[PDB]
Structures are given as structure tokens and as C-alpha cells.
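Next up, upload22.cif (mmCIF, C-alpha atoms and all ligand atoms):
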```
data_protein
#
loop_
_atom_site.group_PDB
_atom_site.id
_atom_site.type_symbol
_atom_site.label_atom_id
_atom_site.label_comp_id
_atom_site.auth_asym_id
_atom_site.auth_seq_id
_atom_site.Cartn_x
_atom_site.Cartn_y
_atom_site.Cartn_z
ATOM 1 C CA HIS A 1 3.929 11.332 -4.202
ATOM 2 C CA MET A 2 3.459 11.780 -7.959
ATOM 3 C CA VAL A 3 5.081 14.597 -9.940
ATOM 4 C CA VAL A 4 3.825 15.636 -13.364
ATOM 5 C CA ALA A 5 4.347 18.816 -15.381
ATOM 6 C CA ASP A 6 3.579 18.039 -19.004
ATOM 7 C CA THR A 7 0.141 19.148 -20.152
ATOM 8 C CA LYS A 8 -0.380 15.554 -21.322
ATOM 9 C CA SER A 9 0.247 14.177 -17.835
ATOM 10 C CA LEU A 10 -1.924 16.843 -16.216
ATOM 11 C CA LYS A 11 -4.837 15.672 -18.366
ATOM 12 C CA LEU A 12 -4.458 12.111 -17.067
ATOM 13 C CA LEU A 13 -4.455 13.130 -13.394
ATOM 14 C CA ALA A 14 -7.561 15.145 -14.234
ATOM 15 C CA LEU A 15 -9.217 11.878 -15.272
ATOM 16 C CA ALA A 16 -7.642 9.920 -12.408
ATOM 17 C CA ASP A 17 -9.334 12.127 -9.826
ATOM 18 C CA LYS A 18 -12.707 11.424 -11.434
ATOM 19 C CA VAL A 19 -12.361 7.641 -11.120
ATOM 20 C CA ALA A 20 -10.682 7.840 -7.727
ATOM 21 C CA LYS A 21 -13.891 9.266 -6.245
ATOM 22 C CA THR A 22 -15.753 6.176 -7.446
ATOM 23 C CA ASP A 23 -15.339 2.421 -6.975
ATOM 24 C CA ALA A 24 -14.851 1.706 -10.667
ATOM 25 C CA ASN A 25 -12.263 -0.773 -11.898
ATOM 26 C CA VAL A 26 -9.350 1.226 -13.283
ATOM 27 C CA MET A 27 -7.074 -0.195 -15.980
ATOM 28 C CA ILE A 28 -3.758 1.609 -16.291
ATOM 29 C CA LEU A 29 -2.041 0.969 -19.627
ATOM 30 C CA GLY A 30 1.277 2.182 -21.022
ATOM 31 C CA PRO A 31 4.845 0.866 -21.447
ATOM 32 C CA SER A 32 7.036 -0.680 -18.753
ATOM 33 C CA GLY A 33 8.769 1.967 -16.694
ATOM 34 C CA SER A 34 6.367 4.868 -16.947
ATOM 35 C CA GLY A 35 5.254 4.426 -13.336
ATOM 36 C CA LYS A 36 1.778 3.053 -13.949
ATOM 37 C CA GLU A 37 1.721 2.138 -10.220
ATOM 38 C CA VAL A 38 2.559 5.350 -8.447
ATOM 39 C CA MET A 39 -0.680 6.412 -10.129
ATOM 40 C CA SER A 40 -2.649 3.526 -8.674
ATOM 41 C CA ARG A 41 -1.505 4.565 -5.241
ATOM 42 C CA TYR A 42 -2.540 8.082 -6.180
ATOM 43 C CA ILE A 43 -5.962 6.740 -7.112
ATOM 44 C CA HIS A 44 -6.067 4.900 -3.789
ATOM 45 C CA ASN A 45 -5.003 7.972 -1.836
ATOM 46 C CA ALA A 46 -7.548 10.046 -3.756
ATOM 47 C CA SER A 47 -10.267 7.450 -3.187
ATOM 48 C CA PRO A 48 -12.725 7.239 -0.262
ATOM 49 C CA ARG A 49 -10.799 4.082 0.666
ATOM 50 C CA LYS A 50 -7.621 6.108 1.219
ATOM 51 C CA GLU A 51 -7.408 5.123 4.889
ATOM 52 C CA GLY A 52 -7.884 1.487 3.848
ATOM 53 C CA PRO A 53 -5.287 -1.203 3.034
ATOM 54 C CA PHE A 54 -3.307 -1.027 -0.204
ATOM 55 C CA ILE A 55 -2.329 -4.467 -1.460
ATOM 56 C CA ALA A 56 -0.115 -4.892 -4.515
ATOM 57 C CA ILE A 57 0.784 -8.122 -6.308
ATOM 58 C CA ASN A 58 2.867 -8.403 -9.480
ATOM 59 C CA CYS A 59 1.465 -11.209 -11.634
ATOM 60 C CA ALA A 60 4.644 -11.331 -13.728
ATOM 61 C CA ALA A 61 7.100 -11.692 -10.853
ATOM 62 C CA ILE A 62 5.623 -14.430 -8.645
ATOM 63 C CA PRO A 63 8.008 -17.416 -8.863
ATOM 64 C CA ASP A 64 7.243 -21.141 -8.574
ATOM 65 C CA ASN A 65 3.791 -20.611 -10.137
ATOM 66 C CA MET A 66 2.382 -19.280 -6.862
ATOM 67 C CA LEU A 67 0.336 -16.477 -8.452
ATOM 68 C CA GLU A 68 -3.032 -18.214 -8.047
ATOM 69 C CA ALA A 69 -2.120 -19.428 -4.561
ATOM 70 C CA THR A 70 -1.116 -15.977 -3.303
ATOM 71 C CA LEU A 71 -4.157 -14.187 -4.765
ATOM 72 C CA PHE A 72 -6.929 -16.415 -3.432
ATOM 73 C CA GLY A 73 -5.082 -17.986 -0.519
ATOM 74 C CA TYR A 74 -5.209 -21.656 0.407
ATOM 75 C CA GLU A 75 -5.979 -24.092 3.205
ATOM 76 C CA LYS A 76 -3.536 -26.737 4.429
ATOM 77 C CA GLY A 77 -3.232 -29.423 1.771
ATOM 78 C CA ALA A 78 -4.643 -27.497 -1.190
ATOM 79 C CA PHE A 79 -1.549 -28.463 -3.184
ATOM 80 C CA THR A 80 1.779 -30.262 -2.825
ATOM 81 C CA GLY A 81 3.739 -27.659 -0.874
ATOM 82 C CA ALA A 82 0.851 -26.274 1.158
ATOM 83 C CA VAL A 83 2.066 -27.091 4.661
ATOM 84 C CA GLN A 84 0.035 -24.295 6.236
ATOM 85 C CA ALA A 85 -3.099 -22.217 5.710
ATOM 86 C CA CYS A 86 -2.679 -18.751 4.189
ATOM 87 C CA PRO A 87 -4.928 -15.730 3.487
ATOM 88 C CA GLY A 88 -5.097 -14.389 -0.070
ATOM 89 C CA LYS A 89 -4.213 -10.917 -1.319
ATOM 90 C CA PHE A 90 -7.927 -10.238 -1.754
ATOM 91 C CA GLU A 91 -8.471 -10.923 1.948
ATOM 92 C CA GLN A 92 -5.553 -8.659 2.856
ATOM 93 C CA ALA A 93 -7.082 -5.875 0.767
ATOM 94 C CA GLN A 94 -10.420 -5.953 2.587
ATOM 95 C CA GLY A 95 -11.981 -2.485 2.777
ATOM 96 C CA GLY A 96 -9.205 -1.059 0.620
ATOM 97 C CA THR A 97 -7.630 -1.353 -2.817
ATOM 98 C CA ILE A 98 -5.839 -4.213 -4.562
ATOM 99 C CA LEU A 99 -3.479 -3.769 -7.513
ATOM 100 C CA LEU A 100 -3.138 -6.564 -10.063
ATOM 101 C CA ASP A 101 0.153 -5.562 -11.676
ATOM 102 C CA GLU A 102 0.754 -6.845 -15.230
ATOM 103 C CA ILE A 103 -2.585 -8.683 -15.282
ATOM 104 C CA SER A 104 -1.915 -9.949 -18.812
ATOM 105 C CA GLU A 105 0.200 -12.746 -17.326
ATOM 106 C CA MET A 106 -2.649 -14.687 -15.754
ATOM 107 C CA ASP A 107 -3.345 -18.027 -17.413
ATOM 108 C CA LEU A 108 -6.810 -18.310 -18.980
ATOM 109 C CA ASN A 109 -7.973 -20.375 -16.006
ATOM 110 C CA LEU A 110 -6.812 -17.900 -13.363
ATOM 111 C CA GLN A 111 -8.689 -15.221 -15.316
ATOM 112 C CA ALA A 112 -11.837 -17.320 -14.956
ATOM 113 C CA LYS A 113 -11.294 -17.416 -11.196
ATOM 114 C CA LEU A 114 -10.696 -13.664 -11.118
ATOM 115 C CA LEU A 115 -13.890 -13.084 -13.100
ATOM 116 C CA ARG A 116 -16.047 -14.878 -10.521
ATOM 117 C CA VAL A 117 -14.481 -12.750 -7.795
ATOM 118 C CA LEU A 118 -15.323 -9.576 -9.697
ATOM 119 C CA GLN A 119 -18.875 -10.750 -10.415
ATOM 120 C CA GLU A 120 -19.903 -12.287 -7.083
ATOM 121 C CA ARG A 121 -17.717 -10.025 -4.912
ATOM 122 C CA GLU A 122 -16.556 -13.118 -3.042
ATOM 123 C CA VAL A 123 -13.365 -15.128 -2.795
ATOM 124 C CA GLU A 124 -12.619 -18.669 -1.723
ATOM 125 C CA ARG A 125 -9.218 -20.056 -0.775
ATOM 126 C CA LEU A 126 -7.821 -23.086 -2.579
ATOM 127 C CA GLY A 127 -9.143 -26.253 -0.981
ATOM 128 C CA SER A 128 -11.851 -24.308 0.843
ATOM 129 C CA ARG A 129 -15.460 -24.463 -0.275
ATOM 130 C CA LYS A 130 -16.340 -21.585 2.037
ATOM 131 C CA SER A 131 -16.710 -18.236 0.272
ATOM 132 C CA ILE A 132 -15.524 -14.963 1.810
ATOM 133 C CA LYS A 133 -17.414 -11.704 1.279
ATOM 134 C CA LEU A 134 -15.224 -9.074 -0.383
ATOM 135 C CA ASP A 135 -15.399 -5.299 -0.182
ATOM 136 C CA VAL A 136 -12.402 -4.544 -2.404
ATOM 137 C CA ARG A 137 -11.694 -1.903 -5.064
ATOM 138 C CA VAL A 138 -9.767 -3.312 -8.022
ATOM 139 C CA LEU A 139 -6.979 -1.657 -10.000
ATOM 140 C CA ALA A 140 -4.945 -3.366 -12.722
ATOM 141 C CA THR A 141 -2.036 -2.696 -15.080
ATOM 142 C CA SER A 142 -0.694 -4.077 -18.369
ATOM 143 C CA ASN A 143 1.988 -3.053 -20.856
ATOM 144 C CA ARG A 144 0.304 -4.770 -23.802
ATOM 145 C CA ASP A 145 -2.815 -3.961 -25.824
ATOM 146 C CA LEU A 146 -5.321 -6.168 -23.995
ATOM 147 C CA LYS A 147 -7.911 -5.756 -26.754
ATOM 148 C CA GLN A 148 -5.771 -7.453 -29.406
ATOM 149 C CA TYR A 149 -4.550 -9.794 -26.665
ATOM 150 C CA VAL A 150 -8.196 -10.774 -26.255
ATOM 151 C CA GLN A 151 -8.352 -11.135 -30.032
ATOM 152 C CA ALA A 152 -5.303 -13.401 -29.812
ATOM 153 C CA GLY A 153 -7.299 -15.594 -27.429
ATOM 154 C CA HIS A 154 -4.921 -15.218 -24.493
ATOM 155 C CA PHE A 155 -7.266 -13.043 -22.450
ATOM 156 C CA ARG A 156 -10.955 -13.427 -21.638
ATOM 157 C CA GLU A 157 -13.146 -10.883 -23.430
ATOM 158 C CA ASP A 158 -15.567 -10.706 -20.499
ATOM 159 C CA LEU A 159 -12.751 -10.022 -18.044
ATOM 160 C CA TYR A 160 -11.299 -7.409 -20.392
ATOM 161 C CA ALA A 161 -14.708 -5.775 -20.699
ATOM 162 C CA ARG A 162 -15.105 -5.614 -16.929
ATOM 163 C CA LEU A 163 -11.711 -4.024 -16.527
ATOM 164 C CA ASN A 164 -11.959 -1.662 -19.488
ATOM 165 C CA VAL A 165 -14.683 0.553 -18.053
ATOM 166 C CA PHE A 166 -12.238 3.392 -17.521
ATOM 167 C CA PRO A 167 -8.844 2.772 -19.141
ATOM 168 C CA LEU A 168 -5.969 5.199 -18.579
ATOM 169 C CA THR A 169 -2.948 5.129 -20.862
ATOM 170 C CA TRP A 170 0.171 6.421 -19.159
ATOM 171 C CA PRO A 171 2.408 7.427 -22.110
ATOM 172 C CA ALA A 172 6.115 6.880 -22.777
ATOM 173 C CA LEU A 173 8.590 9.379 -21.335
ATOM 174 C CA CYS A 174 9.473 10.783 -24.759
ATOM 175 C CA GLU A 175 5.832 11.601 -25.495
ATOM 176 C CA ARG A 176 5.671 13.635 -22.288
ATOM 177 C CA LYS A 177 9.052 15.385 -22.311
ATOM 178 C CA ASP A 178 8.001 18.109 -19.871
ATOM 179 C CA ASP A 179 7.881 15.426 -17.177
ATOM 180 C CA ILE A 180 11.586 14.676 -17.545
ATOM 181 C CA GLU A 181 13.222 17.584 -15.685
ATOM 182 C CA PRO A 182 10.906 17.534 -12.638
ATOM 183 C CA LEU A 183 11.205 13.736 -12.561
ATOM 184 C CA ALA A 184 15.008 13.747 -12.669
ATOM 185 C CA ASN A 185 15.281 16.201 -9.774
ATOM 186 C CA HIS A 186 12.811 14.113 -7.777
ATOM 187 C CA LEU A 187 14.900 10.962 -8.201
ATOM 188 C CA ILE A 188 18.036 12.868 -7.221
ATOM 189 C CA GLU A 189 16.132 14.082 -4.164
ATOM 190 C CA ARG A 190 14.949 10.654 -3.001
ATOM 191 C CA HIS A 191 18.460 9.188 -3.024
ATOM 192 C CA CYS A 192 20.022 12.110 -1.178
ATOM 193 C CA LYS A 193 17.188 11.866 1.361
ATOM 194 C CA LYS A 194 17.806 8.128 1.644
ATOM 195 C CA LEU A 195 21.435 8.684 2.622
ATOM 196 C CA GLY A 196 21.149 11.931 4.597
ATOM 197 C CA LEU A 197 23.104 13.818 1.927
ATOM 198 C CA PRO A 198 22.377 17.336 0.703
ATOM 199 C CA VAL A 199 20.755 17.266 -2.735
ATOM 200 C CA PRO A 200 22.972 18.712 -5.498
ATOM 201 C CA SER A 201 21.954 20.756 -8.525
ATOM 202 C CA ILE A 202 21.945 19.566 -12.132
ATOM 203 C CA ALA A 203 23.717 21.520 -14.894
ATOM 204 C CA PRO A 204 21.806 23.135 -17.807
ATOM 205 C CA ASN A 205 23.913 21.105 -20.237
ATOM 206 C CA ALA A 206 22.935 18.000 -18.272
ATOM 207 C CA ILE A 207 19.214 18.741 -18.477
ATOM 208 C CA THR A 208 19.383 19.194 -22.257
ATOM 209 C CA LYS A 209 21.275 15.908 -22.510
ATOM 210 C CA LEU A 210 18.479 14.325 -20.473
ATOM 211 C CA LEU A 211 15.696 15.899 -22.555
ATOM 212 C CA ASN A 212 17.043 14.785 -25.935
ATOM 213 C CA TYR A 213 17.226 11.099 -25.079
ATOM 214 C CA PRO A 214 14.199 9.043 -26.228
ATOM 215 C CA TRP A 215 14.222 7.004 -22.980
ATOM 216 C CA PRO A 216 13.254 3.537 -24.278
ATOM 217 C CA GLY A 217 13.185 2.263 -20.702
ATOM 218 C CA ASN A 218 11.308 5.382 -19.641
ATOM 219 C CA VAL A 219 11.389 6.455 -15.979
ATOM 220 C CA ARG A 220 13.026 3.231 -14.797
ATOM 221 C CA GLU A 221 15.997 4.130 -17.003
ATOM 222 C CA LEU A 222 15.915 7.774 -15.939
ATOM 223 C CA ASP A 223 16.302 6.447 -12.405
ATOM 224 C CA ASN A 224 19.359 4.461 -13.497
ATOM 225 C CA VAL A 225 21.031 7.329 -15.362
ATOM 226 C CA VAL A 226 20.510 9.507 -12.281
ATOM 227 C CA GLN A 227 21.877 6.918 -9.834
ATOM 228 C CA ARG A 228 24.806 6.568 -12.199
ATOM 229 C CA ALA A 229 25.308 10.332 -12.318
ATOM 230 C CA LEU A 230 25.190 10.580 -8.521
ATOM 231 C CA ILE A 231 27.922 7.934 -8.306
ATOM 232 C CA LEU A 232 30.086 9.710 -10.867
ATOM 233 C CA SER A 233 29.586 13.177 -9.358
ATOM 234 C CA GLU A 234 30.129 11.678 -5.899
ATOM 235 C CA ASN A 235 26.808 13.201 -4.806
ATOM 236 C CA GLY A 236 27.994 16.563 -6.118
ATOM 237 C CA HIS A 237 26.867 18.962 -8.847
ATOM 238 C CA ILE A 238 25.857 16.853 -11.860
ATOM 239 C CA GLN A 239 27.438 17.873 -15.169
ATOM 240 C CA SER A 240 26.778 16.880 -18.800
ATOM 241 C CA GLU A 241 29.668 14.426 -18.328
ATOM 242 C CA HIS A 242 28.153 12.356 -15.515
ATOM 243 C CA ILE A 243 25.145 11.551 -17.677
ATOM 244 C CA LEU A 244 25.822 8.323 -19.562
ATOM 245 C CA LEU A 245 22.919 6.942 -21.614
ATOM 246 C CA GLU A 246 23.156 4.328 -24.379
ATOM 247 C CA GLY A 247 24.758 6.162 -27.311
HETATM 248 N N1 LIG A 301 4.979 10.632 -12.624
HETATM 249 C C1 LIG A 301 5.834 10.095 -11.718
HETATM 250 N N2 LIG A 301 6.082 10.705 -10.537
HETATM 251 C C2 LIG A 301 6.932 10.173 -9.638
HETATM 252 N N3 LIG A 301 7.597 9.013 -9.828
HETATM 253 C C3 LIG A 301 7.442 8.300 -10.972
HETATM 254 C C4 LIG A 301 6.527 8.820 -12.000
HETATM 255 N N4 LIG A 301 6.544 7.947 -13.020
HETATM 256 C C5 LIG A 301 7.395 6.949 -12.682
HETATM 257 N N5 LIG A 301 7.923 7.147 -11.461
HETATM 258 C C6 LIG A 301 8.907 6.234 -10.823
HETATM 259 O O1 LIG A 301 9.273 5.209 -11.758
HETATM 260 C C7 LIG A 301 9.559 3.995 -11.062
HETATM 261 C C8 LIG A 301 8.918 2.786 -11.738
HETATM 262 O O2 LIG A 301 7.498 2.911 -11.720
HETATM 263 P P1 LIG A 301 6.553 1.614 -11.838
HETATM 264 O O3 LIG A 301 5.159 2.004 -11.428
HETATM 265 O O4 LIG A 301 7.236 0.443 -11.175
HETATM 266 O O5 LIG A 301 6.560 1.347 -13.428
HETATM 267 P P2 LIG A 301 5.816 0.080 -14.094
HETATM 268 O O6 LIG A 301 4.767 -0.327 -13.088
HETATM 269 O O7 LIG A 301 5.244 0.622 -15.379
HETATM 270 O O8 LIG A 301 6.924 -0.927 -14.276
HETATM 271 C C9 LIG A 301 9.048 4.170 -9.642
HETATM 272 O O9 LIG A 301 10.163 4.201 -8.753
HETATM 273 C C10 LIG A 301 8.350 5.512 -9.607
HETATM 274 O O10 LIG A 301 8.647 6.209 -8.391
#
```
Would you mind writing the structure in this file as C-alpha cells?
Amino acid sequence: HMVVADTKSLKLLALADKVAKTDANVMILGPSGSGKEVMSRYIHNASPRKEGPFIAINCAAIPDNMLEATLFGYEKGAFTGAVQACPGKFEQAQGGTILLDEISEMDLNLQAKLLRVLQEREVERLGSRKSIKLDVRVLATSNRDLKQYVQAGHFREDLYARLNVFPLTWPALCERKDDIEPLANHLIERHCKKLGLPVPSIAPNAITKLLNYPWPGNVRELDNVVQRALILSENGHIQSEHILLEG
């Protein structure tokens, strides 16, 4: 469930609904921590493939260089370490939506493999010559200007141009300050609901303290400050004294 309130955020959801209805590749830009994922799910849930699978994979957090292996899947013996066969994330997302989180972290070669998938609408596991028909809607995210990243020669221009049909730039928290208060209360609410506690209120002085912080870590920091405040207030009424930022 996504909560927006700023007129700037409302304009983005207005666009999001328009692409959700289609099968177009959506590219969600913006800084780290602005929740450019909870929007992809929104796009999924607003898409005709809502009832379908929703497969997410973070290309910047897959250890032991298993990004390629987990995306396409592999047969037994495709590489040293492949003791078993394994379906790829594209196969798991059949009839639904796949999210390529932080897509700017794919090596140039993996981007070439991804391109063929997008073009031919088919995938083949590592060590398999047999192609698998794919009916999958593609979403992707990046916290870096892909255009200049293409210009830097670290990203394929053709891949960028296939993913930049309908870009959406989810802005920093300080450029959408009207999102801050509803967002804070939502985070308070999800933690009290996670521990069966009644949700407490937040003081006026606390809100102002929250509004006048630039939030360099954006919503992922807001979540921290709130968790911190809930610890300090012992799940009670949050005052301007339980809110510790970085100043
Ligand atoms: N508009 C929003 N509504 C509700 N939750 C949000 C919103 N924006 C960010 N969040 C929260 O911020 C957290 C981080 O979002 P995430 O999509 O992981 O950011 P990023 O992908 O940019 O690192 C999530 O827990 C998410 O619930």
C-alpha cells in the first residue's frame, strides 16, 4: 500500500496508472530510499497482470556473482558450483511482472543477455540450448542517470532505449515534503501492527522537526528515525525529544 500526499507525488501516480494499464517497460528512477519499489508493486497491482506472480531481484545485492545464474536459471553443470538444475527469475515471473532492481549493476555482458530476452521474448537457462517462451512484464529501477551511464560506456544504449520508453523519476524526500507526515505515521503504524501494540500519536513539535530535516537517506532514514523514536518513547506518544537525526 502506497501513501502519497504531495502534489508532486500525486502527479507521478497519475502517470503510473497510465503505464500500469499497458505492458510497457517501466523505468523507475530516483535516489536510494525513496521507495522506487513500492511503486513497482503498485504498477503490478494496477496492471492487468495483478493476479499474476510478482518476482523481484536486486542486481546489487546478489552475492558470489550469482546475478546471471539466478536471472536466467541453469542446468546441472553450467558452472563450477552448479550441483543441481534451477529455474530463473524470468521463469518464476511467467504471466506476471518481474522487477530488475538497480539494473545499472549488470555487467555489459549480462545486459546483452537481457537484451535478447527483451527482444525475442524468450529465455534460456545456462548450459541449456533450449529456449523458453516468456510472457513477462518488465519493470526496472536505478539510482543513477542511465543516459550518462550509457555515455560512460557502462550501459548498452540499445538496452537503455528499450527501458526508457516511459521513465518515472521518484524524487527525494525533501523535494516532496508533503509526503513526510503521512509517511511517518504510516511507518509508526506498521511497527505497532507488527507487535500488536496500539499506535501512538506524534507531537506537533515532532512533526516540524521531521519536516525541516533534508532527509539525505530519504524514506529509509525516516524509517530509522521513527524506529528510534518508538524505542525511546517506549511505544508511547512521540515528542520532539525522541526524534534524533544527524545534527
Ligand atoms: N510513497 C511511499 N508509501 C509507502 N511507503 C514508502 C513510500 N516510499 C518509500 N516507502 C518505504 O520506504 C522503504 C524503502 O523503499 P525501497 O523501494 O526499498 O527504496 P529503494 O528501492 O529506492 O531502495 C520501504 O519500506 C517502503 O515501504
Tell me which residues the PyMOL selection byres (((chain A and resi 122) around 8) and not hetatm) grabs here, as an mmCIF file with C-alpha atoms, in the frame of the given file.
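Now in part-v4.cif:
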```cif
data_model
loop_
_atom_site.group_PDB
_atom_site.id
_atom_site.type_symbol
_atom_site.label_atom_id
_atom_site.label_comp_id
_atom_site.auth_asym_id
_atom_site.auth_seq_id
_atom_site.Cartn_x
_atom_site.Cartn_y
_atom_site.Cartn_z
ATOM 1 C CA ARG A 116 -16.047 -14.878 -10.521
ATOM 2 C CA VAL A 117 -14.481 -12.750 -7.795
ATOM 3 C CA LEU A 118 -15.323 -9.576 -9.697
ATOM 4 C CA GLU A 120 -19.903 -12.287 -7.083
ATOM 5 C CA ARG A 121 -17.717 -10.025 -4.912
ATOM 6 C CA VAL A 123 -13.365 -15.128 -2.795
ATOM 7 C CA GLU A 124 -12.619 -18.669 -1.723
ATOM 8 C CA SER A 131 -16.710 -18.236 0.272
ATOM 9 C CA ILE A 132 -15.524 -14.963 1.810
ATOM 10 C CA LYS A 133 -17.414 -11.704 1.279
ATOM 11 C CA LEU A 134 -15.224 -9.074 -0.383
#
```
Worksheet item: Rounded to one decimal in Å, what is the spacing between CA of residue 196 in chain A and CA of residue 209 in chain A?
Response: 27.4 Å
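Residues with at least one atom no more than 12 Å from (-5.8, 11.2, -18.5), using only C-alpha atoms, are residues 4, 6, 7, 8, 9, 10, 11, 12, 13, 14, 15, 16, 17, 18, 19, 26, 27, 28, 29, 30, 39, 166, 167, 168, 169, 170 and 171 of chain A.
For ligand LIG 301 (chain A), the neighbouring polymer residues at 6 Å or closer are residues 2, 3, 4, 32, 33, 34, 35, 36, 37, 38, 219 and 220 of chain A, only C-alpha atoms and all ligand atoms being used.
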Item to complete: Apply the PyMOL selection byres (((chain A and resi 214) around 12) and not hetatm) to the file shown and report the selected residues as a ChimeraX atom specification.
Response: /A:172-177,180,209-213,215-219,221-222,245-247
Just say which residues the PyMOL selection byres (((chain A and resi 105-109) around 10) and not hetatm) picks in this file, as a tab-separated table (two decimals) with C-alpha atoms, in the frame of the given file.
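For reference, result33.tsv as written:
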```tsv
chain	number	residue	atom	x	y	z
A	58	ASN	CA	2.87	-8.40	-9.48
A	59	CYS	CA	1.46	-11.21	-11.63
A	60	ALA	CA	4.64	-11.33	-13.73
A	61	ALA	CA	7.10	-11.69	-10.85
A	67	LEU	CA	0.34	-16.48	-8.45
A	68	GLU	CA	-3.03	-18.21	-8.05
A	100	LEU	CA	-3.14	-6.56	-10.06
A	101	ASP	CA	0.15	-5.56	-11.68
A	102	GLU	CA	0.75	-6.84	-15.23
A	103	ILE	CA	-2.58	-8.68	-15.28
A	104	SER	CA	-1.92	-9.95	-18.81
A	110	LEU	CA	-6.81	-17.90	-13.36
A	111	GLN	CA	-8.69	-15.22	-15.32
A	112	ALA	CA	-11.84	-17.32	-14.96
A	113	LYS	CA	-11.29	-17.42	-11.20
A	114	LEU	CA	-10.70	-13.66	-11.12
A	115	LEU	CA	-13.89	-13.08	-13.10
A	142	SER	CA	-0.69	-4.08	-18.37
A	153	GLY	CA	-7.30	-15.59	-27.43
A	154	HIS	CA	-4.92	-15.22	-24.49
A	155	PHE	CA	-7.27	-13.04	-22.45
A	156	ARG	CA	-10.96	-13.43	-21.64
```
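Coordinates place CA of residue 24 in chain A at a distance of 8.8 Å from CA of residue 163 in chain A.
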Item to complete: Dig up all the protein and nucleic acid residues within 6 Å of (-11.7, -8.0, 0.1) in the file frame, using only C-alpha atoms, and format them as a list in words.
Response: residues 90, 91, 93, 94, 134, 135 and 136 of chain A
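The space separating CA of residue 96 in chain A from CA of residue 50 in chain A comes to 7.4 Å.
Every protein or nucleic acid residue with an atom no more than 12 Å from residue 95 in chain A, counting all atoms listed in the file and leaving out same-chain residues fewer than 6 positions away, appears here: residues 23, 44, 47, 48, 49, 50, 51, 52, 53, 54, 55, 133, 134, 135, 136, 137 and 138 of chain A.
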Worksheet, complete the sentence: Using all atoms listed in the file, the residue out of A:126, A:188, A:207, A:99 with shortest distance to residue 228 in chain A is A:188
Using all atoms of range 130-148 of chain A listed in the file and a margin of 3 Å per side, can you give the axis-aligned box centre and edge lengths in Å to one decimal, as AutoDock Vina command-line options?
```
--center_x -7.7 --center_y -11.6 --center_z -13.7 --size_x 25.4 --size_y 25.9 --size_z 37.4
```
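Considering only C-alpha atoms, the residue among A:184, A:22, A:157, A:81 positioned nearest to residue 224 in chain A is A:184.
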Item to complete: Go through A:42, A:5, A:227, A:179 and flag the residue nearest residue 191 in chain A, using all atoms listed in the file for the distances.
Response: A:227
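Between residue 20 in chain A and the candidates A:185, A:40, A:143, A:239, the tightest atom-to-atom separation, counting all atoms listed in the file, involves A:40.
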